[PDB]
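So this block is upload.cif, mmCIF, C-alpha atoms:
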```cif
data_input
loop_
_atom_site.label_atom_id
_atom_site.label_comp_id
_atom_site.auth_asym_id
_atom_site.auth_seq_id
_atom_site.Cartn_x
_atom_site.Cartn_y
_atom_site.Cartn_z
CA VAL A 15 -0.88 -17.32 -14.33
CA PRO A 16 -0.03 -18.99 -17.71
CA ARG A 17 2.11 -22.17 -17.45
CA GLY A 18 5.89 -21.48 -17.56
CA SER A 19 5.27 -18.07 -15.91
CA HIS A 20 5.39 -16.92 -12.25
CA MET A 21 3.41 -14.58 -9.97
CA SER A 22 5.04 -11.13 -9.74
CA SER A 23 2.92 -9.82 -6.83
CA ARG A 24 5.27 -8.06 -4.39
CA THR A 25 4.51 -7.52 -0.71
CA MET A 26 6.37 -5.92 2.15
CA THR A 27 6.38 -6.93 5.79
CA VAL A 28 6.30 -3.90 8.05
CA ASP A 29 6.35 -3.11 11.77
CA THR A 30 3.88 -0.30 12.36
CA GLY A 31 4.39 -0.30 16.14
CA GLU A 32 1.49 -1.04 18.49
CA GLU A 33 -0.31 2.33 18.35
CA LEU A 34 -0.58 2.46 14.54
CA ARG A 35 -1.21 -1.30 14.31
CA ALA A 36 -4.31 -0.95 16.48
CA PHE A 37 -5.35 2.07 14.36
CA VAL A 38 -5.17 -0.10 11.21
CA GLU A 39 -6.99 -3.01 12.86
CA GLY A 40 -9.91 -0.82 13.94
CA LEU A 41 -10.32 0.59 10.40
CA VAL A 42 -10.44 -2.90 8.88
CA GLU A 43 -12.77 -4.35 11.51
CA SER A 44 -15.21 -1.43 11.17
CA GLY A 45 -15.58 -2.32 7.47
CA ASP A 46 -14.29 1.17 6.51
CA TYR A 47 -11.39 -0.53 4.66
CA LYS A 48 -11.35 -4.15 3.37
CA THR A 49 -7.75 -5.03 4.28
CA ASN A 50 -4.64 -3.84 6.13
CA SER A 51 -3.16 -3.17 2.68
CA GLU A 52 -5.92 -0.71 1.74
CA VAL A 53 -5.32 1.27 4.93
CA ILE A 54 -1.55 1.37 4.36
CA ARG A 55 -2.07 2.49 0.76
CA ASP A 56 -4.31 5.39 1.88
CA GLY A 57 -1.53 6.47 4.24
CA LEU A 58 1.12 6.26 1.53
CA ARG A 59 -1.06 8.27 -0.86
CA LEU A 60 -1.23 11.04 1.73
CA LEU A 61 2.55 10.91 2.19
CA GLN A 62 3.08 11.04 -1.60
CA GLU A 63 0.60 13.96 -1.80
CA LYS A 64 2.38 15.89 0.95
CA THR A 65 5.61 15.99 -1.03
CA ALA A 66 4.29 15.90 -4.62
CA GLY A 67 4.61 19.68 -5.03
CA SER A 68 8.22 19.89 -3.92
CA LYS A 69 10.00 17.26 -6.02
CA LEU A 70 12.42 19.80 -7.53
CA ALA A 71 13.44 21.14 -4.11
CA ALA A 72 13.73 17.60 -2.79
CA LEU A 73 16.00 16.47 -5.64
CA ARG A 74 18.14 19.59 -5.34
CA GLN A 75 18.56 18.80 -1.65
CA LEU A 76 19.63 15.21 -2.36
CA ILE A 77 22.10 16.40 -5.04
CA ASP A 78 23.52 19.07 -2.69
CA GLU A 79 23.89 16.48 0.08
CA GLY A 80 25.85 14.33 -2.39
CA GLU A 81 28.02 17.31 -3.39
CA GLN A 82 28.69 18.11 0.28
CA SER A 83 29.42 14.49 1.29
CA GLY A 84 33.18 14.68 0.73
CA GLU A 85 35.67 14.50 -2.13
CA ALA A 86 34.93 11.93 -4.83
CA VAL A 87 37.03 8.76 -4.85
CA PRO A 88 37.64 5.91 -7.37
CA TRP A 89 34.94 3.27 -7.81
CA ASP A 90 35.77 -0.45 -7.97
CA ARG A 91 32.91 -2.92 -8.50
CA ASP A 92 34.77 -5.96 -7.20
CA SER A 93 35.90 -4.18 -4.02
CA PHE A 94 32.35 -2.96 -3.38
CA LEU A 95 30.94 -6.48 -3.75
CA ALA A 96 33.68 -7.89 -1.52
CA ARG A 97 32.71 -5.29 1.08
CA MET A 98 29.05 -6.34 0.75
CA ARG A 99 30.00 -10.01 1.29
CA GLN A 100 32.03 -9.08 4.37
CA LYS A 101 28.98 -7.55 6.12
CA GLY A 102 27.54 -11.01 6.75
CA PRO A 103 26.57 -14.36 5.14
CA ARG A 104 24.99 -13.87 1.69
CA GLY A 105 22.81 -16.31 -0.26
CA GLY A 106 20.68 -16.74 -3.38
CA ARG B 24 3.54 -7.96 15.53
CA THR B 25 4.15 -7.12 11.88
CA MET B 26 1.81 -7.08 8.92
CA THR B 27 2.43 -8.10 5.31
CA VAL B 28 0.90 -5.62 2.88
CA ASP B 29 0.54 -5.24 -0.88
CA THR B 30 1.05 -1.56 -1.69
CA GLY B 31 0.73 -2.08 -5.45
CA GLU B 32 3.65 -1.25 -7.79
CA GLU B 33 3.31 2.54 -7.87
CA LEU B 34 3.39 3.03 -4.08
CA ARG B 35 5.90 0.21 -3.61
CA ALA B 36 8.38 2.05 -5.83
CA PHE B 37 7.58 5.26 -3.93
CA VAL B 38 8.56 3.53 -0.68
CA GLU B 39 11.70 1.99 -2.16
CA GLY B 40 12.94 5.35 -3.42
CA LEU B 41 12.54 6.94 0.02
CA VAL B 42 14.47 4.15 1.73
CA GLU B 43 17.24 4.01 -0.89
CA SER B 44 17.77 7.78 -0.72
CA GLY B 45 18.52 7.35 3.01
CA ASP B 46 15.61 9.71 3.86
CA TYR B 47 13.99 6.85 5.83
CA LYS B 48 15.73 3.86 7.40
CA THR B 49 13.28 1.11 6.45
CA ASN B 50 10.06 0.39 4.60
CA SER B 51 8.44 0.38 8.07
CA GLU B 52 9.46 3.98 8.78
CA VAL B 53 7.88 5.11 5.49
CA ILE B 54 4.65 3.22 6.16
CA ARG B 55 4.45 4.64 9.70
CA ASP B 56 4.78 8.21 8.37
CA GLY B 57 1.89 7.53 6.00
CA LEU B 58 -0.27 6.05 8.76
CA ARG B 59 0.46 9.05 11.00
CA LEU B 60 -0.88 11.32 8.26
CA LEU B 61 -3.98 9.16 7.88
CA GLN B 62 -4.53 9.14 11.67
CA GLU B 63 -4.01 12.92 11.75
CA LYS B 64 -6.55 13.44 8.96
CA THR B 65 -9.34 11.98 11.09
CA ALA B 66 -8.08 12.72 14.62
CA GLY B 67 -10.26 15.83 15.01
CA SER B 68 -13.51 14.15 13.98
CA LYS B 69 -13.62 10.97 16.04
CA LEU B 70 -17.04 11.81 17.53
CA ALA B 71 -18.63 12.34 14.10
CA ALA B 72 -16.95 9.16 12.85
CA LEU B 73 -18.29 7.09 15.77
CA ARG B 74 -21.75 8.58 15.36
CA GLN B 75 -21.64 7.55 11.70
CA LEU B 76 -20.64 3.97 12.59
CA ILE B 77 -23.39 3.77 15.24
CA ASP B 78 -25.98 5.18 12.79
CA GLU B 79 -24.87 2.66 10.16
CA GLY B 80 -25.46 -0.06 12.77
CA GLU B 81 -28.88 1.35 13.67
CA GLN B 82 -29.86 1.57 10.00
CA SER B 83 -28.56 -1.92 9.10
CA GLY B 84 -31.89 -3.69 9.66
CA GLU B 85 -33.96 -5.29 12.40
CA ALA B 86 -31.92 -6.84 15.19
CA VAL B 87 -32.03 -10.62 15.34
CA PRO B 88 -31.39 -13.02 18.28
CA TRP B 89 -27.72 -13.78 18.82
CA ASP B 90 -26.98 -17.37 17.90
CA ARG B 91 -23.36 -18.15 18.75
CA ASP B 92 -23.60 -21.73 17.46
CA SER B 93 -24.86 -20.56 14.06
CA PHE B 94 -22.15 -17.89 13.89
CA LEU B 95 -19.33 -20.37 14.58
CA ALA B 96 -20.84 -22.87 12.12
CA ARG B 97 -20.82 -20.11 9.45
CA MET B 98 -17.18 -19.30 10.28
CA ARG B 99 -16.26 -23.00 9.94
CA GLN B 100 -18.10 -23.27 6.63
CA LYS B 101 -16.07 -20.41 5.12
CA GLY B 102 -12.83 -22.04 3.88
CA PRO B 103 -13.17 -25.07 6.27
CA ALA C 4 41.12 5.29 -19.47
CA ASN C 5 38.30 7.83 -18.84
CA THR C 6 38.07 8.80 -15.12
CA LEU C 7 35.23 7.50 -12.88
CA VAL C 8 34.93 8.79 -9.31
CA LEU C 9 31.99 8.69 -6.87
CA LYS C 10 31.02 11.02 -4.06
CA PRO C 11 30.88 9.18 -0.70
CA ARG C 12 27.11 9.67 -0.59
CA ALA C 13 26.77 7.96 -4.02
CA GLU C 14 28.66 4.93 -2.67
CA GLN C 15 26.28 4.89 0.30
CA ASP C 16 23.36 5.04 -2.16
CA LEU C 17 24.76 1.98 -3.90
CA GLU C 18 25.03 0.16 -0.58
CA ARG C 19 21.39 0.94 0.21
CA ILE C 20 20.33 -0.09 -3.31
CA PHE C 21 22.31 -3.31 -2.99
CA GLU C 22 20.79 -4.10 0.43
CA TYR C 23 17.26 -3.34 -0.77
CA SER C 24 17.70 -5.67 -3.76
CA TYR C 25 19.37 -8.32 -1.61
CA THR C 26 16.50 -8.42 0.91
CA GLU C 27 13.98 -8.86 -1.94
CA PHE C 28 15.88 -11.01 -4.41
CA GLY C 29 19.04 -12.53 -2.87
CA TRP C 30 22.76 -12.37 -3.68
CA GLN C 31 22.88 -13.21 -7.38
CA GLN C 32 20.32 -10.61 -8.40
CA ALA C 33 21.61 -7.87 -6.11
CA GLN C 34 25.21 -8.30 -7.24
CA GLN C 35 24.07 -8.35 -10.87
CA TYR C 36 22.18 -5.10 -10.39
CA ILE C 37 25.33 -3.40 -9.03
CA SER C 38 27.31 -4.86 -11.93
CA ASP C 39 24.81 -3.36 -14.40
CA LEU C 40 25.15 0.01 -12.65
CA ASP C 41 28.93 -0.42 -12.93
CA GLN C 42 28.67 -1.16 -16.68
CA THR C 43 26.58 2.04 -17.07
CA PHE C 44 29.13 4.08 -15.10
CA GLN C 45 31.88 2.85 -17.46
CA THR C 46 29.84 3.72 -20.57
CA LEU C 47 29.08 7.21 -19.27
CA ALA C 48 32.75 7.80 -18.43
CA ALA C 49 33.55 7.03 -22.11
CA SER C 50 30.80 8.86 -24.02
CA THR C 51 29.87 12.46 -23.30
CA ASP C 52 26.92 12.37 -25.73
CA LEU C 53 24.91 9.93 -23.59
CA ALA C 54 24.50 12.36 -20.64
CA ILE C 55 21.08 13.95 -20.19
CA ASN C 56 21.31 17.66 -19.42
CA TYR C 57 19.90 18.34 -15.93
CA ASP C 58 20.77 22.03 -15.69
CA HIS C 59 17.13 22.65 -14.65
CA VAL C 60 18.02 20.91 -11.37
CA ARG C 61 21.61 22.20 -10.93
CA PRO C 62 23.93 23.85 -13.54
CA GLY C 63 26.19 21.19 -15.05
CA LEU C 64 24.26 18.24 -13.56
CA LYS C 65 23.72 15.23 -15.84
CA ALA C 66 21.47 12.21 -15.50
CA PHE C 67 21.21 8.78 -17.08
CA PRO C 68 18.83 5.84 -16.37
CA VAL C 69 19.80 2.32 -15.41
CA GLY C 70 17.14 -0.17 -14.34
CA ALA C 71 14.79 1.61 -11.89
CA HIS C 72 17.51 4.10 -10.92
CA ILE C 73 19.09 7.30 -12.19
CA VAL C 74 22.77 8.13 -12.04
CA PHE C 75 23.29 11.84 -11.32
CA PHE C 76 26.76 13.00 -12.23
CA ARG C 77 28.98 15.81 -13.44
CA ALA C 78 31.38 15.80 -16.37
CA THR C 79 35.02 16.33 -15.42
CA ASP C 80 38.05 17.01 -17.65
CA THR C 81 38.80 13.30 -17.91
CA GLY C 82 35.50 11.51 -17.30
CA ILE C 83 32.62 11.76 -14.80
CA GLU C 84 32.00 12.24 -11.11
CA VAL C 85 28.89 10.48 -9.76
CA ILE C 86 27.07 12.59 -7.12
CA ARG C 87 24.05 10.39 -6.29
CA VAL C 88 22.32 7.26 -7.53
CA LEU C 89 18.61 7.63 -6.81
CA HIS C 90 15.46 5.67 -7.50
CA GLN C 91 13.58 7.00 -10.52
CA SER C 92 10.66 7.91 -8.22
CA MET C 93 12.82 10.84 -6.99
CA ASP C 94 13.27 12.26 -10.51
CA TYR C 95 12.23 15.76 -11.61
CA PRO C 96 12.40 15.57 -15.44
CA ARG C 97 12.77 18.67 -17.58
CA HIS C 98 9.41 20.30 -18.42
CA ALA D 4 -33.45 -15.67 30.16
CA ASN D 5 -32.62 -12.07 29.26
CA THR D 6 -32.85 -11.33 25.55
CA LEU D 7 -29.88 -10.58 23.36
CA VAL D 8 -30.29 -9.39 19.79
CA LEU D 9 -27.75 -7.93 17.33
CA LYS D 10 -28.18 -5.51 14.46
CA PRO D 11 -27.02 -7.08 11.17
CA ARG D 12 -24.04 -4.73 11.03
CA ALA D 13 -22.95 -5.82 14.56
CA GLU D 14 -23.00 -9.42 13.42
CA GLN D 15 -20.87 -8.39 10.42
CA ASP D 16 -18.48 -6.62 12.84
CA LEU D 17 -18.15 -9.89 14.71
CA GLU D 18 -17.36 -11.70 11.42
CA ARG D 19 -14.62 -9.14 10.63
CA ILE D 20 -13.24 -9.38 14.17
CA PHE D 21 -13.26 -13.17 13.89
CA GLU D 22 -11.51 -13.10 10.50
CA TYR D 23 -8.92 -10.58 11.68
CA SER D 24 -8.05 -12.71 14.70
CA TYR D 25 -8.14 -15.92 12.67
CA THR D 26 -5.69 -14.56 10.06
CA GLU D 27 -3.19 -13.50 12.75
CA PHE D 28 -3.62 -16.19 15.39
CA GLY D 29 -5.65 -19.15 14.08
CA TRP D 30 -8.95 -20.82 14.86
CA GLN D 31 -8.55 -21.42 18.58
CA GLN D 32 -7.76 -17.80 19.40
CA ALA D 33 -10.48 -16.41 17.15
CA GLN D 34 -13.11 -18.72 18.65
CA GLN D 35 -11.93 -17.82 22.18
CA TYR D 36 -12.26 -14.14 21.37
CA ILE D 37 -15.84 -14.57 20.15
CA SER D 38 -16.53 -16.66 23.29
CA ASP D 39 -15.30 -13.75 25.44
CA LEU D 40 -17.55 -11.37 23.50
CA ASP D 41 -20.45 -13.80 23.93
CA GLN D 42 -19.84 -14.10 27.69
CA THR D 43 -19.82 -10.28 27.95
CA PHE D 44 -23.04 -10.01 25.94
CA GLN D 45 -24.69 -12.40 28.41
CA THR D 46 -23.44 -10.41 31.43
CA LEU D 47 -24.71 -7.13 29.93
CA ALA D 48 -28.10 -8.68 29.17
CA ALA D 49 -28.38 -9.59 32.88
CA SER D 50 -27.11 -6.49 34.66
CA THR D 51 -28.23 -2.99 33.70
CA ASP D 52 -25.72 -1.41 36.10
CA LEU D 53 -22.67 -2.51 34.06
CA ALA D 54 -23.56 -0.41 31.00
CA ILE D 55 -21.56 2.78 30.48
CA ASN D 56 -23.73 5.77 29.58
CA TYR D 57 -22.84 6.95 26.04
CA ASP D 58 -25.57 9.59 25.68
CA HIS D 59 -22.80 11.99 24.54
CA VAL D 60 -22.65 9.94 21.35
CA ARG D 61 -26.39 9.12 20.95
CA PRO D 62 -29.14 9.34 23.67
CA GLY D 63 -29.61 5.95 25.31
CA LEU D 64 -26.49 4.41 23.75
CA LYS D 65 -24.39 2.27 26.12
CA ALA D 66 -20.85 0.94 25.83
CA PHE D 67 -18.85 -1.78 27.55
CA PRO D 68 -15.26 -3.00 26.92
CA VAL D 69 -14.20 -6.52 26.11
CA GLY D 70 -10.59 -7.15 25.17
CA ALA D 71 -9.52 -4.52 22.64
CA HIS D 72 -13.13 -3.94 21.54
CA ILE D 73 -16.21 -2.06 22.70
CA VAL D 74 -19.78 -3.33 22.58
CA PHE D 75 -22.16 -0.47 21.72
CA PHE D 76 -25.72 -1.36 22.60
CA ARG D 77 -29.09 -0.21 23.86
CA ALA D 78 -31.13 -1.52 26.78
CA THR D 79 -34.45 -3.14 25.89
CA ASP D 80 -37.31 -4.26 28.16
CA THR D 81 -35.91 -7.78 28.41
CA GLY D 82 -32.19 -7.46 27.71
CA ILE D 83 -29.95 -5.63 25.24
CA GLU D 84 -29.70 -4.89 21.53
CA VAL D 85 -26.12 -4.70 20.22
CA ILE D 86 -25.67 -2.00 17.59
CA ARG D 87 -21.96 -2.27 16.73
CA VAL D 88 -18.83 -3.95 18.08
CA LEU D 89 -15.90 -1.69 17.32
CA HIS D 90 -12.20 -1.65 18.05
CA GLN D 91 -11.34 0.59 20.99
CA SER D 92 -9.36 2.85 18.63
CA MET D 93 -12.76 4.08 17.36
CA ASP D 94 -13.90 5.17 20.86
CA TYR D 95 -14.87 8.72 21.86
CA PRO D 96 -15.04 8.75 25.71
CA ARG D 97 -17.14 11.43 27.44
CA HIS D 98 -15.35 14.82 27.45
#
```
Please express what this file holds, its structure, as structure tokens.
Amino acid sequence: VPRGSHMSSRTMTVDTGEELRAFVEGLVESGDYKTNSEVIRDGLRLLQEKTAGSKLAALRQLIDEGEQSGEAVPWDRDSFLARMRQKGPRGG
Amino acid sequence: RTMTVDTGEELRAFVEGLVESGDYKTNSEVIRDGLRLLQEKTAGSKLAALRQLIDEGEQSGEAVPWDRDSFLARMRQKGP
Amino acid sequence: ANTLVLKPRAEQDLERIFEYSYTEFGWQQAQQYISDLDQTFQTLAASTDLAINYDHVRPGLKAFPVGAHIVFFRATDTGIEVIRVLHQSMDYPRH
Amino acid sequence: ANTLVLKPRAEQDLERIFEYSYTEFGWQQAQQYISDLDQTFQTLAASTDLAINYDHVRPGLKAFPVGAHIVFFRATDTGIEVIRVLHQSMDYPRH
């Protein structure tokens, strides 16, 4: 990274549960995949593929669920952020 | 027991959208759905898959005597 | 003042967006992101010409981008009504 | 002394198993795990009766568990020849 700049790599820490964890481990140890990350990405590609053809239906459903969620009410930024602070200690 | 993974930007954003929509509770739930699909894809062909791994072992060269001391020395030498 | 109202589900979207940002980036960035969404909401409530026509999803639906998100809303007599705020990965743009 | 030889890919399996354990748990646990595998290899080289018949995968193939892994091997005149060491999630037990 050039000086005065920072890494912008972005990971996530996930709990796969024991059954799927062992599944991932076996795939890496067999040499079929190089890392846990490669296995997880293959899974996410399949999940993205499964729903790729129905994005319009999916968005309609999210919009409809918004429409059906109750009458609209006023928005206040400061009240929202107060409510967020009230949920627990906040830092950074 | 968790794992820290790099999904790359495209799939990371894919995961974020699914959590923020409320469709899934956490990043973990999204990842588990993906892994279920991957497990499902191969679930019906475990015998062929094992045969392929065994064959790849058989075809990997002449067997050599197991030398535990050499192995552990090599492991130490990598990134001491 | 032009009207600005939000469906309950849109508020819950904002909470999830805030929490997601907070986990990743901490308070200052997450609150700023919400503030930027707020600034966008105010602009859209004032200017009908900014709204992107999203009839192809639902008649009368409008969209507008902010950051990595899209505000989905309807025009009212006096302003806008926000229905959902979704990550841009959920978009279905007009073909 | 019974003989014990490994295919090159089985030795590479052991490296991957070592690295996986090392990343998660550190040196001591990874070395212990390899020690357990080594102790099992020695036991299998000594006692033909321990080997599980895995003809249903390949004729003459044998399996034996250690920890969360399976040693796949063949009997030789003087001991064993290890073909792969795989996580038990890769197993296909006899129908």
Inset, instruction - Could you pull out every residue with an atom within 12 Å of (-25.1, 5.2, 13.3), file coordinates, counting all atoms listed in the file, and send them as a list in words? - result: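 It turns out the residues near that spot are residues 70, 71, 72, 73, 74, 75, 76, 77, 78, 79, 80, 81, 82, 83 and 84 of chain B; 10, 12, 13, 60, 61, 62, 64, 75, 76, 86 and 87 of chain D.
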Each chain C residue no farther than 12 Å from chain B, nearest pair in Å, all atoms listed in the file, as JSON lines:
```
{"residue": "C:12", "atom": "CA", "partner": "B:44", "partner_atom": "CA", "distance": 9.5}
{"residue": "C:13", "atom": "CA", "partner": "B:44", "partner_atom": "CA", "distance": 9.6}
{"residue": "C:14", "atom": "CA", "partner": "B:44", "partner_atom": "CA", "distance": 11.4}
{"residue": "C:15", "atom": "CA", "partner": "B:45", "partner_atom": "CA", "distance": 8.6}
{"residue": "C:16", "atom": "CA", "partner": "B:43", "partner_atom": "CA", "distance": 6.3}
{"residue": "C:17", "atom": "CA", "partner": "B:43", "partner_atom": "CA", "distance": 8.4}
{"residue": "C:18", "atom": "CA", "partner": "B:43", "partner_atom": "CA", "distance": 8.7}
{"residue": "C:19", "atom": "CA", "partner": "B:43", "partner_atom": "CA", "distance": 5.3}
{"residue": "C:20", "atom": "CA", "partner": "B:43", "partner_atom": "CA", "distance": 5.7}
{"residue": "C:21", "atom": "CA", "partner": "B:43", "partner_atom": "CA", "distance": 9.1}
{"residue": "C:22", "atom": "CA", "partner": "B:43", "partner_atom": "CA", "distance": 9.0}
{"residue": "C:23", "atom": "CA", "partner": "B:43", "partner_atom": "CA", "distance": 7.4}
{"residue": "C:24", "atom": "CA", "partner": "B:39", "partner_atom": "CA", "distance": 9.9}
{"residue": "C:26", "atom": "CA", "partner": "B:49", "partner_atom": "CA", "distance": 11.5}
{"residue": "C:27", "atom": "CA", "partner": "B:39", "partner_atom": "CA", "distance": 11.1}
{"residue": "C:71", "atom": "CA", "partner": "B:36", "partner_atom": "CA", "distance": 8.8}
{"residue": "C:72", "atom": "CA", "partner": "B:40", "partner_atom": "CA", "distance": 8.9}
{"residue": "C:73", "atom": "CA", "partner": "B:40", "partner_atom": "CA", "distance": 10.9}
{"residue": "C:87", "atom": "CA", "partner": "B:44", "partner_atom": "CA", "distance": 8.8}
{"residue": "C:88", "atom": "CA", "partner": "B:44", "partner_atom": "CA", "distance": 8.2}
{"residue": "C:89", "atom": "CA", "partner": "B:44", "partner_atom": "CA", "distance": 6.1}
{"residue": "C:90", "atom": "CA", "partner": "B:40", "partner_atom": "CA", "distance": 4.8}
{"residue": "C:91", "atom": "CA", "partner": "B:40", "partner_atom": "CA", "distance": 7.3}
{"residue": "C:92", "atom": "CA", "partner": "B:40", "partner_atom": "CA", "distance": 5.9}
{"residue": "C:93", "atom": "CA", "partner": "B:40", "partner_atom": "CA", "distance": 6.5}
{"residue": "C:94", "atom": "CA", "partner": "B:40", "partner_atom": "CA", "distance": 9.9}
```
Inset, instruction - Would you kindly return, as a PyMOL selection string, each protein, DNA or RNA residue with an atom no farther than 6 Å from any atom of segment 65-70 of chain C, considering all atoms listed in the file and excluding same-chain residues fewer than 5 positions away? - result: chain C and resi 54-57+75-77
Fitted copy of chain C on chain D, all Cα, as a short mmCIF file (atom, residue, chain, number, x, y, z; two decimals) with C-alpha atoms, in the coordinates of the input:
```
data_model
loop_
_atom_site.label_atom_id
_atom_site.label_comp_id
_atom_site.auth_asym_id
_atom_site.auth_seq_id
_atom_site.Cartn_x
_atom_site.Cartn_y
_atom_site.Cartn_z
CA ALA C 4 -33.77 -15.32 30.35
CA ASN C 5 -32.75 -11.69 29.58
CA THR C 6 -33.05 -10.89 25.83
CA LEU C 7 -29.94 -10.54 23.60
CA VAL C 8 -30.36 -9.43 19.98
CA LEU C 9 -27.81 -8.03 17.50
CA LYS C 10 -28.22 -5.66 14.59
CA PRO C 11 -27.09 -7.26 11.30
CA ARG C 12 -24.18 -4.82 11.12
CA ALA C 13 -23.00 -5.95 14.60
CA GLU C 14 -22.95 -9.57 13.39
CA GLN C 15 -20.90 -8.43 10.39
CA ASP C 16 -18.54 -6.64 12.80
CA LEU C 17 -18.08 -9.91 14.67
CA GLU C 18 -17.31 -11.71 11.42
CA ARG C 19 -14.65 -9.13 10.55
CA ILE C 20 -13.23 -9.29 14.09
CA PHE C 21 -13.16 -13.08 13.92
CA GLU C 22 -11.43 -13.06 10.51
CA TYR C 23 -8.88 -10.47 11.63
CA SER C 24 -8.01 -12.55 14.71
CA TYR C 25 -7.98 -15.77 12.68
CA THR C 26 -5.49 -14.40 10.12
CA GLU C 27 -3.15 -13.31 12.95
CA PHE C 28 -3.61 -16.05 15.52
CA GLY C 29 -5.45 -19.09 14.09
CA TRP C 30 -8.67 -20.92 14.95
CA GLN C 31 -8.35 -21.55 18.67
CA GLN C 32 -7.60 -17.94 19.56
CA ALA C 33 -10.14 -16.42 17.19
CA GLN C 34 -12.95 -18.68 18.39
CA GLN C 35 -11.99 -17.96 22.00
CA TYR C 36 -12.15 -14.23 21.38
CA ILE C 37 -15.71 -14.54 20.00
CA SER C 38 -16.61 -16.73 22.98
CA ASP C 39 -15.33 -14.02 25.36
CA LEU C 40 -17.42 -11.44 23.49
CA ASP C 41 -20.37 -13.82 23.84
CA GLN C 42 -19.78 -14.16 27.61
CA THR C 43 -19.75 -10.33 27.86
CA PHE C 44 -22.98 -10.06 25.85
CA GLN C 45 -24.65 -12.48 28.29
CA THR C 46 -23.42 -10.53 31.34
CA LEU C 47 -24.65 -7.23 29.90
CA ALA C 48 -28.06 -8.74 29.09
CA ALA C 49 -28.34 -9.68 32.81
CA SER C 50 -27.02 -6.59 34.61
CA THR C 51 -28.17 -3.08 33.75
CA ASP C 52 -25.66 -1.48 36.14
CA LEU C 53 -22.63 -2.53 34.06
CA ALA C 54 -23.57 -0.38 31.02
CA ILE C 55 -21.54 2.78 30.46
CA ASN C 56 -23.73 5.75 29.56
CA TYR C 57 -22.88 6.95 26.02
CA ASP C 58 -25.60 9.58 25.66
CA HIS C 59 -22.85 12.02 24.55
CA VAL C 60 -22.64 9.95 21.35
CA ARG C 61 -26.36 9.09 20.91
CA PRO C 62 -29.22 9.33 23.49
CA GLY C 63 -29.71 5.93 25.13
CA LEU C 64 -26.48 4.43 23.72
CA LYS C 65 -24.42 2.27 26.10
CA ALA C 66 -20.90 0.93 25.84
CA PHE C 67 -18.85 -1.76 27.54
CA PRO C 68 -15.25 -2.98 26.90
CA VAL C 69 -14.17 -6.51 26.09
CA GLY C 70 -10.58 -7.21 25.07
CA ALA C 71 -9.54 -4.55 22.52
CA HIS C 72 -13.16 -3.95 21.50
CA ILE C 73 -16.23 -2.06 22.68
CA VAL C 74 -19.78 -3.34 22.55
CA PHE C 75 -22.20 -0.53 21.70
CA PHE C 76 -25.76 -1.38 22.62
CA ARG C 77 -29.15 -0.16 23.76
CA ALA C 78 -31.19 -1.35 26.72
CA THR C 79 -34.54 -2.90 25.81
CA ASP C 80 -37.47 -3.87 28.06
CA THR C 81 -36.11 -7.39 28.46
CA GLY C 82 -32.36 -7.14 27.87
CA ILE C 83 -30.05 -5.48 25.32
CA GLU C 84 -29.76 -4.88 21.61
CA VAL C 85 -26.18 -4.74 20.28
CA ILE C 86 -25.76 -2.09 17.54
CA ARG C 87 -22.03 -2.35 16.74
CA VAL C 88 -18.89 -4.01 18.07
CA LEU C 89 -15.96 -1.73 17.28
CA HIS C 90 -12.26 -1.66 18.00
CA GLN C 91 -11.41 0.59 20.94
CA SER C 92 -9.42 2.84 18.57
CA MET C 93 -12.81 4.10 17.26
CA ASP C 94 -13.98 5.19 20.73
CA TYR C 95 -14.99 8.74 21.69
CA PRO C 96 -15.06 8.63 25.53
CA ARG C 97 -17.06 11.13 27.56
CA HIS C 98 -15.11 14.34 28.29
#
```
The PyMOL selection byres ((chain A) within 7 of (chain C)) - which residues does that actually catch in the file I just gave you? List them as a tab-separated table (two decimals) with C-alpha atoms, in the frame of the given file.
```tsv
chain	number	residue	atom	x	y	z
A	69	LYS	CA	10.00	17.26	-6.02
A	70	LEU	CA	12.42	19.80	-7.53
A	73	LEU	CA	16.00	16.47	-5.64
A	74	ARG	CA	18.14	19.59	-5.34
A	77	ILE	CA	22.10	16.40	-5.04
A	80	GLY	CA	25.85	14.33	-2.39
A	81	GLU	CA	28.02	17.31	-3.39
A	83	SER	CA	29.42	14.49	1.29
A	84	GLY	CA	33.18	14.68	0.73
A	85	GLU	CA	35.67	14.50	-2.13
A	86	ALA	CA	34.93	11.93	-4.83
A	87	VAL	CA	37.03	8.76	-4.85
A	88	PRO	CA	37.64	5.91	-7.37
A	89	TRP	CA	34.94	3.27	-7.81
A	91	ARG	CA	32.91	-2.92	-8.50
A	95	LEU	CA	30.94	-6.48	-3.75
A	104	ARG	CA	24.99	-13.87	1.69
A	105	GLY	CA	22.81	-16.31	-0.26
A	106	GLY	CA	20.68	-16.74	-3.38
```
Inset, instruction - Translate the PyMOL selection byres ((chain A) within 12 of (chain B)), as applied to the file shown, into an explicit residue set as a PyMOL selection string. - result: chain A and resi 22-41+43-46+49-66+72-73+75-77+79-80
Inset, instruction - Have a look at atom CA of residue 39 of chain C and atom CA of residue 58 of chain C and let me know their distance in Å, one decimal. - result: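 If I compute the distance from atom CA of residue 39 of chain C to atom CA of residue 58 of chain C, I get 25.7 Å.
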Inset, instruction - Work out how far atom CA of residue 49 of chain D is from atom CA of residue 82 of chain D, in Å to one decimal. - result: 6.8 Å
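Between atom CA of residue 80 of chain C and atom CA of residue 48 of chain C the interatomic distance comes to 10.7 Å.
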